[PDB]
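Throughout the sequence shown, residue numbering follows the deposited numbering, covering 1 to 175, 177 to 220 in sequence.
Think of the CB as a built atom: it goes at the ideal place given N, C-alpha and C, for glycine as much as any other residue.
The block underneath contains the structure these notes are about, expressed in structure tokens.
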Amino acid sequence: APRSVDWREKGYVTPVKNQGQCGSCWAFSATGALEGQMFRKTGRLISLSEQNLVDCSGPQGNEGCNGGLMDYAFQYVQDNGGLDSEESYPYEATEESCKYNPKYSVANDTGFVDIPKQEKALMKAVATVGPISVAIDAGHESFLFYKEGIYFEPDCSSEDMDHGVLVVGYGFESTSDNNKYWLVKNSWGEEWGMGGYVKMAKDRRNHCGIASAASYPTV
Ligand SMILES: *C(=N)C1(NC(=O)[C@@H]2C[C@@H](S(=O)(=O)c3ccccc3Cl)CN2C(=O)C2(c3ccc(I)cc3)CC2)CC1
């Protein structure tokens, strides 16, 4: 794998969004992964509808603003035959009746791939596939108030993940001792972290479970 990857540079990543006071992180993780894979396929970056996923993916197992799984989102897109654009089906931050309209479908998927539960496997995926949906343990105040640098939380769990985000690359700081990170896009607005991103500790015993439930859609 390259020593550093940043898919933002290659046009795969939309601007940071804000989930608000709805438990829809999983939807933003899923749209981010599918935005990447559609861009790879078509050369067009089109922002996708989280609201469509929040409102419509109950049959696949998702719980709207009460949580969900990226893999269930990818299954919904496959079962449904499409996913609307953000423009056509804007984000409300509340669960509402399903208003999917196939006329405005701009994405598809044919399934998904679960990555092996090792950081080395995650690195190989990020290097070759594009942005990857991941689960992290985000349940420490250190994460809520994260501002800059490499996030390391001694009490982070590699098993107890509660937040779905998007790995858009990886690299290393030149400053001193433990300087490698995953470049992670959050869905908490641009105000949080580093423009809405968190450079998370990489190759430090699967810190915060970042490699424990990683996946991406096939297109
Ligand atoms: C996002 N605003 C919130 N978190 C969730 O919905 C997270 C997302 C995923 S995950 O990324 O944490 C995860 C965890 C374990 C295995 C795979 C994945 Cl993708 C699930 N979320 C959860 O909080 C839990 C969950 C699991 C399944 C369902 I349906 C609903 C919720 C509790 C694991 C809402 C805060």
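Check	Outcome
Does the distance from the C-beta atom of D114 to that of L34 stay below 8 Å?	no
Please state if the CB of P131 and the CB of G210 are separated by a distance shorter than 8 Å.	no
Do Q75 and ligand 1 come close, with the Cβ less than 7 Å from some heavy atom?	no
Using a threshold of 7 Å, is the CB atom of residue 176 nearer than that to any non-hydrogen atom of ligand 1?	Here the chain is numbered 175 followed immediately by 177, so the structure offers no position for residue 176.
So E86 and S49 are supposed to be a Cβ contact under 8 Å. How far apart are they, rounded?	5 Å
What does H163 pair with, by DSSP beta-bridge criteria?	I136
What are the boundary residues of the beta strand (DSSP E) that includes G197?	Note, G197: premise wrong, no beta strand (DSSP E); not H, not E.
Whole angstroms are fine: how far does the CA of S105 sit from the CA of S158?	36 Å
Over what stretch of residues does the beta strand (DSSP E) that includes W183 continue unbroken?	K181 to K186
Is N18 near ligand 1, with its Cβ less than 7 Å from a heavy atom?	no
Which term fits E95, buried or exposed, when burial requires 16 or more other beta carbons within 10 angstroms of its beta carbon?	buried
Look up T219 in the DSSP assignment and give the residues it is bridged to.	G111
Closer than 7 Å to a non-hydrogen atom of ligand 1 - does that hold for the CB of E63?	yes
Flag this pair as touching only if the stretch 47 to 64 and the stretch 195 to 204 have three or more C-beta atom pairs under 8 Å; answer yes or no.	no
For the stretch 26 to 105, list the beta strand (DSSP E) runs that are entirely contained and at least 3 residues long, ordered along the chain.	none
Whole angstroms are fine: how far does the CA of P15 sit from the CA of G82?	22 Å
Only counting the same chain, and skipping five residues up and downstream in sequence, which positions put a Cβ closer than 8 Å to that of residue 309?	Because residue 309 is not part of the residues shown, which for the chain are 1 to 220, the question remains open.
Contact defined as beta carbons within less than 8 Å: I believe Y146 pairs with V199. What is the distance between those atoms, to the nearest angstrom?	6 Å
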